[PDB]
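Chemist: This one's experimental. Sequence and coordinates below.
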Amino acid sequence: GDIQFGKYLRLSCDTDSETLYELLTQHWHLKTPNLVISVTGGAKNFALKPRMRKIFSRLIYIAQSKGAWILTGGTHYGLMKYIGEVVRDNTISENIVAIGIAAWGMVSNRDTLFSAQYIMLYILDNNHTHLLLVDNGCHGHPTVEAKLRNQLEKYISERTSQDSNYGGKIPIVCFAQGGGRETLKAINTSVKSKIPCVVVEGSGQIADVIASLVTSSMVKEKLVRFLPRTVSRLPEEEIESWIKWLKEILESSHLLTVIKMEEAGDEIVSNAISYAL
Amino acid sequence: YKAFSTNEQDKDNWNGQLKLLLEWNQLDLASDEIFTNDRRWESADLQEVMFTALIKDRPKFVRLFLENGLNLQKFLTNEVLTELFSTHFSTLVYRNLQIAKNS
Amino acid sequence: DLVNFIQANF
Amino acid sequence: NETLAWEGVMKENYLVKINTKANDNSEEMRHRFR
């Protein structure tokens, strides 16, 4: 269903990444010279911060300047809505591509395909140019994008482009600030491949943990200090997985990069991305 | 604030704690502790406290409520505006405005 | 045009 | 309508300019010293 009040679609996990990339590039938009992907929590609980607002505005400006693609949750919650709003604001002052991958199963309204349009769980933001919904089933709405998104990023990483130097490749930077658990899994899978994720030691909890770290007791104390209620609600079994993912992330530091809180410069975002690449 | 939080009778209270921290003009504590992160207060939880902040002339708390997730457009409702203008309008200012408009 | 390709692809 | 949106964007730019001018005092050095 294509909706204009942009393009939308329903996806299956078995769909090949190469076919999706061919569709995207050939049909609609230009080749990507950069793939800044923001990972955060889908929960609506996103306490807006002043420095975070400035940082994300700078990130959007950089993405527009370089022509980068932006991949987000695209569910109109917390940081998602603001990261789309900055794109709108820049679009009203030569275009920004803000693909958003969400889950069909978790979506509330169903508008089957010509250009069916509806206005208004997990309603989806319409402020993103392109939306990709993937759910082979399971109306219970378990996360499904956590695989297709990573596969697409990896395939585009291997995609060779003879531009922007970088050895005929694409930057594919991985911005991470949210304190979600799925953010931890996303960071782990991103670092599994040679994707230079970058974190900021700001409001993010799972992000501040990694920023401070860069043993089991160390991880436990850090996550208790930064996520006391979350760890209290978390079961014992999940703690083993959390510690394992944290150890995997801290294993490699050449890919992971951090942003200091002291740095108040205007171009700290660009400095972090450039140093990571 | 420490006495209230550690009482354990109202430790779970996220609304009464916020109201108490609003009574005394302590903005940093409210920002760091009450809201912080990982709390699903939602946009409907700040209605009454933000109303009280408007009544009590707490500009910093008003700004914090607005920027932390409150939807001002949804906030302003016909009933809310009627209750705000009908009574909280200063009687001295009301008489002065009436005189100015009439004369 | 494109929509027809989407039919089979997706 | 559109002009109002552009006005809001320029207002945001102007407010950010005011904030930067205020922060240009460079007094953060002593706070970082502490």
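Modeler: Alright, I've got the coordinates. Numbering: from 1, shown residues only, chains lettered A, B, ... in the order given.
Chemist: okay, CA-based contacts and neighbour counts for the rest of this
Modeler: Fine.
Chemist: Quick check on residue A:38: phi, psi?
Modeler: Main-chain torsions, residue A:38, degrees, to the nearest 10: phi -100, psi 130.
Chemist: Find the closest residue to chain B in chain D.
Modeler: Nearest residue of chain D to chain B: residue D:12, at 13.7 Å (Cα to the nearest Cα).
Chemist: Buried residues, the one helix or strand that residue maps to. List them.
Modeler: Using DSSP states H and E, residue D:12 sits within helix D:2-23. Residues of helix D:2-23 classed as buried: residue D:9 (neighbour count, 16 or more other Cα atoms under 10 Å in any protein chain shown).
Chemist: now do stretch A:257-274
Modeler: Buried residues in stretch A:257-274, counted by 16+ other Cα under 10 Å: A:257, A:258, A:259, A:268, A:269, A:270, A:272, A:273.
Chemist: With stretch A:184-203 instead?
Modeler: Quick answer for stretch A:184-203 (16+ other Cα under 10 Å): A:184-191, A:195-203.
Chemist: circling back: what about the helix holding residue D:12, near chain A?
Modeler: Yes - for helix D:2-23 and chain A, the contact criterion (Cα under 8 Å from any Cα of the partner chain) is met by D:6, D:9.
Chemist: ok, residues contacting the next helix or strand after that helix?
Modeler: Downstream of helix D:2-23, the first helix or strand assigned by DSSP H and E is helix D:28-33. In this structure, residues lying in contact with helix D:28-33 by Cα atoms under 8 Å, 6 or more residues apart in numbering or on different chains are residue A:262.
Chemist: Identify the residue nearest the geometric centre of chain B.
Modeler: Closest to where the C-alpha atoms of chain B average out (Cα atoms, centre = their mean) is residue B:50, at 2.0 Å.
Chemist: got the buried residues for stretch A:86-102?
Modeler: Neighbour-count burial for stretch A:86-102 flags A:86, A:87, A:90, A:96, A:97, A:98, A:99, A:100, A:101, A:102 (criterion: 16+ other Cα under 10 Å).
Chemist: so who does the residue lying closest to the fourth one once chain neighbours are set aside touch?
Modeler: Leaving out its chain neighbours, the residue that sits closest to residue A:96 by Cα to Cα, 6 or more residues apart in numbering or on different chains is residue A:64, at 5.6 Å. With contacts defined as Cα under 8 Å, 6+ apart, residue A:64 is in contact with A:94, A:95, A:96.
Chemist: so how far is residue A:87 from the first one?
Modeler: Residue A:94 sits 12 Å away from residue A:87, taking Cα to Cα, to the nearest Å as the criterion.
Chemist: next one: the second one
Modeler: As defined by Cα to Cα, residue A:95 lies at a distance of 9 Å from residue A:87.
Chemist: what do you get for the last one?
Modeler: In this structure, residue A:96 lies at 7 Å from residue A:87, with Cα to Cα as the measure.
Chemist: Show me the residue at the heart of chain D, geometrically.
Modeler: Taking Cα atoms, centre = their mean as the criterion, residue D:16 is the residue nearest the geometric centre of chain D, at 2.2 Å.
Chemist: Can you give me the neighbour number for residue B:96?
Modeler: Neighbourhood size, residue B:96 [other Cα atoms under 10 Å in any protein chain shown]: 12.
Chemist: so it, which of the three states?
Modeler: helix (DSSP: H, G, I helix; E, B strand; the rest coil).
Chemist: Quick one: residues contacting residue A:128.
Modeler: A:6, A:74, A:84, A:98, A:99, A:100.
Chemist: Residue A:90: what's its closest spatial neighbour, skipping adjacent residues?
Modeler: Counting by Cα to Cα, 6+ apart, residue A:61 is the residue found nearest to residue A:90 once chain neighbours are left out, at 7.8 Å.
Chemist: who touches stretch A:217-235?
Modeler: A:205, A:206, A:208, A:209, A:243, A:246, B:38.
Chemist: The residue nearest to residue A:34 when sequence neighbours are not counted and chain B, how far apart?
Modeler: Distance criterion Cα to Cα, 6+ apart; nearest residue to residue A:34, sequence neighbours excluded, is residue A:68 at 4.3 Å. Here the distance between residue A:68 and chain B works out to 28 Å (Cα to the nearest Cα, to the nearest Å).
Chemist: Return the alpha-carbon coordinates of stretch A:15-22 using CSV.
Modeler: Coordinates of each C-alpha in stretch A:15-22 appear next as CSV, following Å, rounded to 0.1, in the frame of the first residue of the first chain:
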residue,chain,number,x,y,z
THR,A,15,12.6,-11.7,0.7
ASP,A,16,16.1,-11.4,-0.7
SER,A,17,18.0,-8.3,0.4
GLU,A,18,19.4,-8.0,-3.2
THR,A,19,16.0,-7.8,-4.7
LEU,A,20,14.9,-5.1,-2.1
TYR,A,21,18.0,-3.0,-2.8
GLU,A,22,17.5,-3.3,-6.6
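Chemist: mind giving me JSON lines with the contacts of residue A:128 and columns for secondary structure?
Modeler: Shown next, in JSON lines, are the contacts of residue A:128 (three-state DSSP):
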{"residue": "A:6", "secondary structure": "coil"}
{"residue": "A:74", "secondary structure": "coil"}
{"residue": "A:84", "secondary structure": "helix"}
{"residue": "A:98", "secondary structure": "coil"}
{"residue": "A:99", "secondary structure": "coil"}
{"residue": "A:100", "secondary structure": "strand"}
